[PDB]
$ cat start-v3.cif   # mmCIF, N, CA and C atoms
data_work
loop_
_atom_site.label_atom_id
_atom_site.label_comp_id
_atom_site.auth_asym_id
_atom_site.auth_seq_id
_atom_site.Cartn_x
_atom_site.Cartn_y
_atom_site.Cartn_z
N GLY A 1 19.02 4.08 18.57
CA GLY A 1 19.86 3.25 17.73
C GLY A 1 20.62 2.22 18.56
N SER A 2 19.86 1.34 19.20
CA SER A 2 20.45 0.30 20.02
C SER A 2 19.71 -1.02 19.82
N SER A 3 20.42 -2.11 20.06
CA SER A 3 19.84 -3.43 19.90
C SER A 3 18.82 -3.69 21.01
N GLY A 4 17.72 -4.31 20.62
CA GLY A 4 16.66 -4.62 21.57
C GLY A 4 15.70 -5.67 21.00
N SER A 5 14.55 -5.77 21.63
CA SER A 5 13.54 -6.73 21.20
C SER A 5 12.19 -6.03 21.03
N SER A 6 11.25 -6.77 20.47
CA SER A 6 9.91 -6.23 20.24
C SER A 6 9.00 -6.59 21.42
N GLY A 7 8.01 -5.75 21.63
CA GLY A 7 7.06 -5.96 22.71
C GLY A 7 6.07 -4.80 22.82
N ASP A 8 5.22 -4.88 23.83
CA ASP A 8 4.22 -3.85 24.05
C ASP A 8 4.87 -2.66 24.76
N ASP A 9 5.41 -1.76 23.97
CA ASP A 9 6.07 -0.58 24.51
C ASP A 9 6.86 0.11 23.40
N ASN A 10 6.56 1.39 23.20
CA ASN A 10 7.24 2.17 22.18
C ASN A 10 8.74 2.15 22.45
N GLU A 11 9.09 2.22 23.73
CA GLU A 11 10.48 2.21 24.13
C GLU A 11 11.18 0.96 23.59
N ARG A 12 10.45 -0.14 23.58
CA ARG A 12 10.99 -1.40 23.09
C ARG A 12 10.91 -1.45 21.57
N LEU A 13 9.78 -0.99 21.05
CA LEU A 13 9.56 -0.98 19.61
C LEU A 13 10.70 -0.21 18.94
N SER A 14 10.38 1.01 18.51
CA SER A 14 11.36 1.85 17.85
C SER A 14 11.54 1.41 16.40
N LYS A 15 12.16 0.26 16.23
CA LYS A 15 12.40 -0.28 14.90
C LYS A 15 11.09 -0.84 14.34
N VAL A 16 10.25 -1.32 15.25
CA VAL A 16 8.97 -1.88 14.87
C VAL A 16 7.99 -0.74 14.56
N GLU A 17 7.89 0.19 15.50
CA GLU A 17 7.00 1.33 15.34
C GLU A 17 7.23 1.99 13.98
N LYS A 18 8.48 2.01 13.56
CA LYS A 18 8.84 2.60 12.29
C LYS A 18 8.26 1.75 11.15
N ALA A 19 8.40 0.45 11.31
CA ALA A 19 7.90 -0.48 10.31
C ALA A 19 6.37 -0.49 10.35
N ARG A 20 5.84 -0.79 11.52
CA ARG A 20 4.40 -0.83 11.70
C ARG A 20 3.74 0.35 10.98
N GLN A 21 4.14 1.54 11.38
CA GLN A 21 3.59 2.75 10.78
C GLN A 21 3.79 2.73 9.26
N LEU A 22 5.06 2.69 8.87
CA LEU A 22 5.40 2.67 7.45
C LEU A 22 4.42 1.75 6.72
N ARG A 23 4.36 0.51 7.19
CA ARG A 23 3.47 -0.47 6.59
C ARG A 23 2.10 0.14 6.32
N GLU A 24 1.64 0.92 7.28
CA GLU A 24 0.34 1.57 7.16
C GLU A 24 0.39 2.65 6.08
N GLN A 25 1.44 3.45 6.13
CA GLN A 25 1.62 4.52 5.16
C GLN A 25 1.65 3.95 3.74
N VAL A 26 2.51 2.96 3.55
CA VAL A 26 2.64 2.32 2.25
C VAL A 26 1.29 1.75 1.82
N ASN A 27 0.74 0.91 2.68
CA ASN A 27 -0.55 0.29 2.40
C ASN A 27 -1.54 1.37 1.97
N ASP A 28 -1.87 2.24 2.91
CA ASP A 28 -2.81 3.32 2.64
C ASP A 28 -2.39 4.04 1.36
N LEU A 29 -1.12 4.42 1.32
CA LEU A 29 -0.59 5.12 0.17
C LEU A 29 -1.15 4.49 -1.11
N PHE A 30 -0.73 3.25 -1.35
CA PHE A 30 -1.18 2.52 -2.52
C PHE A 30 -2.71 2.51 -2.61
N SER A 31 -3.33 2.13 -1.51
CA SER A 31 -4.78 2.08 -1.45
C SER A 31 -5.38 3.39 -1.95
N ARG A 32 -4.89 4.48 -1.38
CA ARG A 32 -5.36 5.81 -1.76
C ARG A 32 -5.09 6.06 -3.24
N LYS A 33 -3.81 6.15 -3.57
CA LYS A 33 -3.41 6.39 -4.95
C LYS A 33 -4.26 5.52 -5.88
N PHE A 34 -4.24 4.23 -5.61
CA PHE A 34 -4.99 3.28 -6.41
C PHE A 34 -6.38 3.84 -6.75
N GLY A 35 -7.01 4.43 -5.75
CA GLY A 35 -8.33 5.01 -5.93
C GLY A 35 -8.42 5.79 -7.24
N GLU A 36 -7.38 6.58 -7.49
CA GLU A 36 -7.33 7.38 -8.70
C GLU A 36 -7.53 6.50 -9.93
N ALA A 37 -6.81 5.38 -9.94
CA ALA A 37 -6.90 4.45 -11.05
C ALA A 37 -8.34 3.98 -11.20
N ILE A 38 -9.12 4.20 -10.15
CA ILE A 38 -10.52 3.80 -10.15
C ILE A 38 -11.39 5.03 -9.92
N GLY A 39 -10.77 6.19 -10.06
CA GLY A 39 -11.48 7.45 -9.87
C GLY A 39 -12.25 7.44 -8.55
N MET A 40 -11.83 6.57 -7.65
CA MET A 40 -12.47 6.45 -6.35
C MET A 40 -12.04 7.60 -5.43
N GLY A 41 -13.00 8.07 -4.64
CA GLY A 41 -12.74 9.15 -3.71
C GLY A 41 -12.27 8.62 -2.36
N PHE A 42 -11.70 7.43 -2.39
CA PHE A 42 -11.20 6.80 -1.18
C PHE A 42 -10.20 5.70 -1.51
N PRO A 43 -9.42 5.30 -0.47
CA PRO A 43 -8.42 4.26 -0.63
C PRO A 43 -9.07 2.88 -0.72
N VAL A 44 -8.80 2.20 -1.82
CA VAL A 44 -9.35 0.87 -2.04
C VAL A 44 -8.24 -0.17 -1.85
N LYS A 45 -8.67 -1.41 -1.67
CA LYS A 45 -7.73 -2.51 -1.48
C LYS A 45 -6.83 -2.62 -2.70
N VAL A 46 -5.56 -2.92 -2.44
CA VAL A 46 -4.59 -3.06 -3.51
C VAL A 46 -4.17 -4.52 -3.62
N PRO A 47 -4.70 -5.19 -4.67
CA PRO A 47 -4.39 -6.60 -4.91
C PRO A 47 -2.98 -6.75 -5.48
N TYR A 48 -2.00 -6.57 -4.61
CA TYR A 48 -0.61 -6.69 -5.01
C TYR A 48 -0.37 -8.00 -5.76
N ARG A 49 -1.05 -9.04 -5.30
CA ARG A 49 -0.91 -10.36 -5.91
C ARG A 49 -1.23 -10.28 -7.40
N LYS A 50 -2.48 -9.95 -7.70
CA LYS A 50 -2.92 -9.84 -9.08
C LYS A 50 -1.90 -9.02 -9.87
N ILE A 51 -1.58 -7.85 -9.34
CA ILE A 51 -0.63 -6.97 -9.98
C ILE A 51 0.71 -7.70 -10.14
N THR A 52 0.96 -8.62 -9.23
CA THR A 52 2.19 -9.39 -9.26
C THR A 52 2.14 -10.43 -10.38
N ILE A 53 1.23 -11.39 -10.22
CA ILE A 53 1.07 -12.44 -11.21
C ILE A 53 1.00 -11.81 -12.60
N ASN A 54 0.40 -10.63 -12.66
CA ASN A 54 0.26 -9.92 -13.92
C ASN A 54 -0.42 -8.57 -13.66
N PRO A 55 0.30 -7.49 -14.07
CA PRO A 55 -0.22 -6.14 -13.89
C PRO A 55 -1.32 -5.84 -14.91
N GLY A 56 -1.24 -6.52 -16.04
CA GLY A 56 -2.23 -6.33 -17.09
C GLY A 56 -3.47 -5.61 -16.57
N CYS A 57 -4.15 -6.26 -15.64
CA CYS A 57 -5.35 -5.70 -15.05
C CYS A 57 -5.00 -4.31 -14.50
N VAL A 58 -4.34 -4.31 -13.36
CA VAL A 58 -3.94 -3.06 -12.72
C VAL A 58 -2.42 -2.94 -12.75
N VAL A 59 -1.96 -1.79 -13.22
CA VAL A 59 -0.53 -1.53 -13.30
C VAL A 59 -0.12 -0.56 -12.19
N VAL A 60 1.18 -0.50 -11.94
CA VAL A 60 1.70 0.38 -10.91
C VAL A 60 2.96 1.08 -11.44
N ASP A 61 2.91 2.41 -11.41
CA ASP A 61 4.03 3.20 -11.89
C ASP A 61 4.50 4.13 -10.76
N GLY A 62 5.58 4.85 -11.05
CA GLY A 62 6.14 5.77 -10.07
C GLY A 62 7.17 5.07 -9.19
N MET A 63 7.06 3.75 -9.13
CA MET A 63 7.97 2.95 -8.33
C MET A 63 9.40 3.49 -8.43
N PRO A 64 10.13 3.42 -7.28
CA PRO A 64 11.50 3.89 -7.24
C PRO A 64 12.44 2.91 -7.93
N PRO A 65 13.71 3.37 -8.13
CA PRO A 65 14.71 2.54 -8.78
C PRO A 65 15.22 1.45 -7.84
N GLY A 66 15.39 0.26 -8.40
CA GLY A 66 15.87 -0.87 -7.62
C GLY A 66 14.89 -1.22 -6.50
N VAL A 67 13.61 -1.08 -6.81
CA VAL A 67 12.57 -1.38 -5.84
C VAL A 67 11.39 -2.05 -6.55
N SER A 68 10.95 -3.16 -5.97
CA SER A 68 9.84 -3.90 -6.53
C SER A 68 8.56 -3.62 -5.73
N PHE A 69 7.47 -3.47 -6.46
CA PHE A 69 6.18 -3.20 -5.83
C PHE A 69 5.57 -4.49 -5.27
N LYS A 70 5.03 -4.37 -4.07
CA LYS A 70 4.40 -5.50 -3.41
C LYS A 70 3.82 -5.06 -2.07
N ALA A 71 3.12 -5.98 -1.43
CA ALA A 71 2.51 -5.70 -0.14
C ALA A 71 3.58 -5.19 0.83
N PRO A 72 3.13 -4.34 1.79
CA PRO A 72 4.04 -3.79 2.78
C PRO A 72 4.41 -4.84 3.83
N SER A 73 3.81 -6.01 3.69
CA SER A 73 4.07 -7.10 4.62
C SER A 73 5.42 -7.74 4.31
N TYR A 74 5.81 -7.64 3.04
CA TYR A 74 7.08 -8.20 2.61
C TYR A 74 8.16 -7.12 2.52
N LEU A 75 7.73 -5.93 2.12
CA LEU A 75 8.64 -4.81 1.99
C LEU A 75 9.24 -4.48 3.36
N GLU A 76 10.48 -4.02 3.34
CA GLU A 76 11.16 -3.66 4.57
C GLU A 76 10.96 -2.18 4.88
N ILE A 77 11.39 -1.79 6.07
CA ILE A 77 11.26 -0.41 6.50
C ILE A 77 11.86 0.51 5.43
N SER A 78 13.14 0.32 5.19
CA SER A 78 13.84 1.12 4.20
C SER A 78 13.08 1.09 2.87
N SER A 79 12.66 -0.10 2.49
CA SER A 79 11.92 -0.28 1.25
C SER A 79 10.72 0.67 1.22
N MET A 80 9.88 0.54 2.23
CA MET A 80 8.69 1.38 2.33
C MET A 80 9.05 2.86 2.17
N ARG A 81 9.97 3.30 3.01
CA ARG A 81 10.41 4.69 2.97
C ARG A 81 10.51 5.17 1.52
N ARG A 82 11.34 4.48 0.76
CA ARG A 82 11.54 4.82 -0.64
C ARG A 82 10.20 5.11 -1.31
N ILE A 83 9.36 4.08 -1.35
CA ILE A 83 8.05 4.20 -1.96
C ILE A 83 7.41 5.52 -1.51
N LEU A 84 7.42 5.73 -0.21
CA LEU A 84 6.85 6.94 0.36
C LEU A 84 7.54 8.16 -0.26
N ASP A 85 8.86 8.11 -0.27
CA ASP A 85 9.65 9.20 -0.82
C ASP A 85 9.14 9.53 -2.23
N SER A 86 8.50 8.54 -2.84
CA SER A 86 7.96 8.71 -4.18
C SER A 86 6.43 8.59 -4.15
N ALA A 87 5.88 8.78 -2.96
CA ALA A 87 4.44 8.70 -2.78
C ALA A 87 3.75 9.50 -3.88
N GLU A 88 4.30 10.67 -4.16
CA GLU A 88 3.75 11.55 -5.18
C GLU A 88 4.00 10.95 -6.57
N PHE A 89 5.09 10.20 -6.67
CA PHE A 89 5.45 9.58 -7.93
C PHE A 89 4.58 8.34 -8.20
N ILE A 90 4.28 7.63 -7.12
CA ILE A 90 3.46 6.44 -7.23
C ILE A 90 2.29 6.70 -8.18
N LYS A 91 1.91 5.66 -8.90
CA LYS A 91 0.82 5.76 -9.85
C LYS A 91 0.24 4.37 -10.11
N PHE A 92 -1.02 4.35 -10.52
CA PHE A 92 -1.70 3.10 -10.81
C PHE A 92 -2.60 3.23 -12.04
N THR A 93 -2.31 2.40 -13.03
CA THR A 93 -3.08 2.41 -14.26
C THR A 93 -3.99 1.18 -14.34
N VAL A 94 -5.27 1.44 -14.54
CA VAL A 94 -6.24 0.36 -14.64
C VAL A 94 -6.57 0.10 -16.11
N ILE A 95 -5.80 -0.79 -16.71
CA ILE A 95 -5.99 -1.13 -18.11
C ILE A 95 -7.30 -1.90 -18.26
N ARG A 96 -7.52 -2.83 -17.34
CA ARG A 96 -8.72 -3.64 -17.36
C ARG A 96 -9.06 -4.12 -15.94
N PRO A 97 -10.37 -3.98 -15.59
CA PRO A 97 -10.83 -4.40 -14.28
C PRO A 97 -10.93 -5.92 -14.18
N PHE A 98 -10.90 -6.41 -12.95
CA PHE A 98 -10.99 -7.84 -12.71
C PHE A 98 -12.41 -8.36 -12.95
N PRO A 99 -12.51 -9.70 -13.11
CA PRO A 99 -13.80 -10.33 -13.34
C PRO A 99 -14.63 -10.38 -12.06
N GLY A 100 -15.19 -9.23 -11.71
CA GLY A 100 -16.00 -9.13 -10.51
C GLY A 100 -15.75 -7.80 -9.78
N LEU A 101 -14.67 -7.15 -10.18
CA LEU A 101 -14.31 -5.88 -9.58
C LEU A 101 -15.51 -4.93 -9.64
N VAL A 102 -15.45 -3.91 -8.79
CA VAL A 102 -16.52 -2.93 -8.74
C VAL A 102 -15.92 -1.52 -8.67
N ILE A 103 -16.62 -0.58 -9.29
CA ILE A 103 -16.17 0.80 -9.31
C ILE A 103 -17.33 1.71 -8.90
N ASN A 104 -16.96 2.85 -8.32
CA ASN A 104 -17.95 3.82 -7.88
C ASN A 104 -18.65 3.29 -6.62
N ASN A 105 -19.48 4.15 -6.04
CA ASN A 105 -20.21 3.78 -4.84
C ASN A 105 -19.21 3.51 -3.71
N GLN A 106 -19.75 3.07 -2.58
CA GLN A 106 -18.93 2.77 -1.42
C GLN A 106 -19.25 1.36 -0.90
N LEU A 107 -18.26 0.78 -0.23
CA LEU A 107 -18.42 -0.55 0.33
C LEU A 107 -19.49 -0.52 1.42
N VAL A 108 -19.64 -1.65 2.09
CA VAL A 108 -20.62 -1.77 3.16
C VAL A 108 -19.89 -1.83 4.50
N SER A 109 -20.17 -0.84 5.34
CA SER A 109 -19.56 -0.77 6.65
C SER A 109 -20.64 -0.70 7.73
N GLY A 110 -20.18 -0.48 8.96
CA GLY A 110 -21.10 -0.39 10.09
C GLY A 110 -20.34 -0.07 11.38
N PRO A 111 -19.78 1.17 11.42
CA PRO A 111 -19.03 1.61 12.59
C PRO A 111 -19.97 1.96 13.75
N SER A 112 -20.97 2.77 13.43
CA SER A 112 -21.94 3.19 14.43
C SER A 112 -23.28 3.48 13.76
N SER A 113 -23.42 4.72 13.31
CA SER A 113 -24.65 5.14 12.66
C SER A 113 -24.83 4.37 11.35
N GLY A 114 -23.76 4.32 10.57
CA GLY A 114 -23.79 3.62 9.30
C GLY A 114 -25.10 3.89 8.56
#

$ encode --input "start-v3.cif" --output "structure tokens"
Amino acid sequence: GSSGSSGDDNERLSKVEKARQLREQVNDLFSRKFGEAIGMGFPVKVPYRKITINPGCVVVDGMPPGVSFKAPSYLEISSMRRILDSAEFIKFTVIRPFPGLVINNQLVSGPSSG
């Protein structure tokens, strides 16, 4: 709990490491949860934008009080935490899929064997 700067070093990070990670947790969190809204057995991309401009397509519930849903890039550390605190509460309703969206199956990757 001391003032410092960011850089390549956990010792320096601290406040960043917390955010960096959180960002991942939140992101994945939504991605994962979202899957349910798509009955997907994996975390899918969460178009916060679309949901923003209009949830109609994909909705988001469980959100905490006095907290707005959005990408973890804008959300703050504390912000993320909350969401996480309600990770179990988080929810996503797919009223209507996007014009091109896809469900079921898996994307195309290529880590090694693929």

$ closest_residue --input "start-v3.cif" --among "A:105, A:44, A:5, A:83" --to "residue A:64" --atoms "all atoms listed in the file"
A:83

$ closest_residue --input "start-v3.cif" --among "A:38, A:14, A:8, A:73" --to "residue A:102" --atoms "all atoms listed in the file"
A:38

$ select_by_dssp --input "start-v3.cif" --residues "chain A" --states "strand (DSSP E)" --output "list in words"
residues 58, 59, 60, 61, 91, 92, 93 and 94 of chain A

$ resolve_selection --input "start-v3.cif" --expression "the PyMOL selection byres (((chain A and resi 85 and name CA) around 12) and name CA)" --output "list in words"
residues 22, 25, 26, 29, 62, 63, 64, 65, 78, 79, 80, 81, 82, 83, 84, 86, 87, 88, 89 and 90 of chain A

$ atom_distance --input "start-v3.cif" --atom1 "atom N of residue A:66" --atom2 "atom C of residue A:1"
27.5 Å

$ resolve_selection --input "start-v3.cif" --expression "the PyMOL selection byres ((chain A and resi 92) around 8)" --output "VMD selection string"
chain A and resid 33 to 38 58 to 62 89 to 91 93 to 95

$ atom_distance --input "start-v3.cif" --atom1 "atom CA of residue A:23" --atom2 "atom CA of residue A:70"
11.2 Å

$ closest_residue --input "start-v3.cif" --among "A:17, A:97, A:104, A:113" --to "residue A:41" --atoms "all atoms listed in the file"
A:104

$ atom_distance --input "start-v3.cif" --atom1 "atom N of residue A:99" --atom2 "atom C of residue A:52"
14.9 Å

$ closest_residue --input "start-v3.cif" --among "A:114, A:72, A:7, A:47" --to "residue A:21" --atoms "only C-alpha atoms"
A:72

$ closest_residue --input "start-v3.cif" --among "A:18, A:45, A:9, A:51" --to "residue A:30" --atoms "only N, CA and C atoms"
A:45

$ closest_residue --input "start-v3.cif" --among "A:112, A:24, A:96, A:43" --to "residue A:55" --atoms "only N, CA and C atoms"
A:96

$ select_by_dssp --input "start-v3.cif" --residues "stretch 3-84 of chain A" --states "helix (DSSP H, G or I)" --output "ChimeraX atom specification"
/A:15-37,48-53,77-84

$ decode --input "start-v3.cif" --residues "stretch 56-71 of chain A" --atoms "N, CA and C atoms" --output "PDB file, in the first residue's frame"
ATOM      1  N   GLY A  56     -31.153  -5.640 -26.046  1.00  0.00           N
ATOM      2  CA  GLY A  56     -32.149  -6.399 -26.785  1.00  0.00           C
ATOM      3  C   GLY A  56     -31.602  -7.771 -27.187  1.00  0.00           C
ATOM      4  N   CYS A  57     -30.574  -7.742 -28.021  1.00  0.00           N
ATOM      5  CA  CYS A  57     -29.952  -8.969 -28.488  1.00  0.00           C
ATOM      6  C   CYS A  57     -29.564  -9.805 -27.268  1.00  0.00           C
ATOM      7  N   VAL A  58     -28.473  -9.400 -26.635  1.00  0.00           N
ATOM      8  CA  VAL A  58     -27.986 -10.098 -25.459  1.00  0.00           C
ATOM      9  C   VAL A  58     -28.130  -9.192 -24.235  1.00  0.00           C
ATOM     10  N   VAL A  59     -28.733  -9.747 -23.194  1.00  0.00           N
ATOM     11  CA  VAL A  59     -28.938  -9.002 -21.964  1.00  0.00           C
ATOM     12  C   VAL A  59     -27.956  -9.500 -20.901  1.00  0.00           C
ATOM     13  N   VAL A  60     -27.806  -8.699 -19.857  1.00  0.00           N
ATOM     14  CA  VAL A  60     -26.904  -9.045 -18.771  1.00  0.00           C
ATOM     15  C   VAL A  60     -27.584  -8.742 -17.434  1.00  0.00           C
ATOM     16  N   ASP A  61     -27.673  -9.771 -16.605  1.00  0.00           N
ATOM     17  CA  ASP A  61     -28.295  -9.630 -15.299  1.00  0.00           C
ATOM     18  C   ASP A  61     -27.296 -10.044 -14.216  1.00  0.00           C
ATOM     19  N   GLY A  62     -27.719  -9.878 -12.971  1.00  0.00           N
ATOM     20  CA  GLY A  62     -26.877 -10.229 -11.841  1.00  0.00           C
ATOM     21  C   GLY A  62     -26.006  -9.044 -11.418  1.00  0.00           C
ATOM     22  N   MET A  63     -25.819  -8.124 -12.353  1.00  0.00           N
ATOM     23  CA  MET A  63     -25.014  -6.943 -12.090  1.00  0.00           C
ATOM     24  C   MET A  63     -25.267  -6.410 -10.679  1.00  0.00           C
ATOM     25  N   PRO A  64     -24.170  -5.907 -10.049  1.00  0.00           N
ATOM     26  CA  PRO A  64     -24.263  -5.366  -8.705  1.00  0.00           C
ATOM     27  C   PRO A  64     -24.932  -3.989  -8.712  1.00  0.00           C
ATOM     28  N   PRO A  65     -25.260  -3.503  -7.486  1.00  0.00           N
ATOM     29  CA  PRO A  65     -25.901  -2.207  -7.341  1.00  0.00           C
ATOM     30  C   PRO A  65     -24.899  -1.072  -7.561  1.00  0.00           C
ATOM     31  N   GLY A  66     -25.358  -0.047  -8.264  1.00  0.00           N
ATOM     32  CA  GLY A  66     -24.517   1.101  -8.551  1.00  0.00           C
ATOM     33  C   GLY A  66     -23.299   0.695  -9.383  1.00  0.00           C
ATOM     34  N   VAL A  67     -23.530  -0.237 -10.295  1.00  0.00           N
ATOM     35  CA  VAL A  67     -22.465  -0.721 -11.158  1.00  0.00           C
ATOM     36  C   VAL A  67     -23.023  -0.966 -12.561  1.00  0.00           C
ATOM     37  N   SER A  68     -22.316  -0.432 -13.545  1.00  0.00           N
ATOM     38  CA  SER A  68     -22.727  -0.585 -14.931  1.00  0.00           C
ATOM     39  C   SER A  68     -21.870  -1.649 -15.618  1.00  0.00           C
ATOM     40  N   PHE A  69     -22.530  -2.463 -16.429  1.00  0.00           N
ATOM     41  CA  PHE A  69     -21.844  -3.522 -17.148  1.00  0.00           C
ATOM     42  C   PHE A  69     -21.126  -2.971 -18.382  1.00  0.00           C
ATOM     43  N   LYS A  70     -19.902  -3.442 -18.574  1.00  0.00           N
ATOM     44  CA  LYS A  70     -19.102  -3.005 -19.706  1.00  0.00           C
ATOM     45  C   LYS A  70     -17.769  -3.756 -19.702  1.00  0.00           C
ATOM     46  N   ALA A  71     -16.998  -3.534 -20.757  1.00  0.00           N
ATOM     47  CA  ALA A  71     -15.703  -4.180 -20.886  1.00  0.00           C
ATOM     48  C   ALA A  71     -14.861  -3.881 -19.645  1.00  0.00           C
TER      49      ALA A  71
END
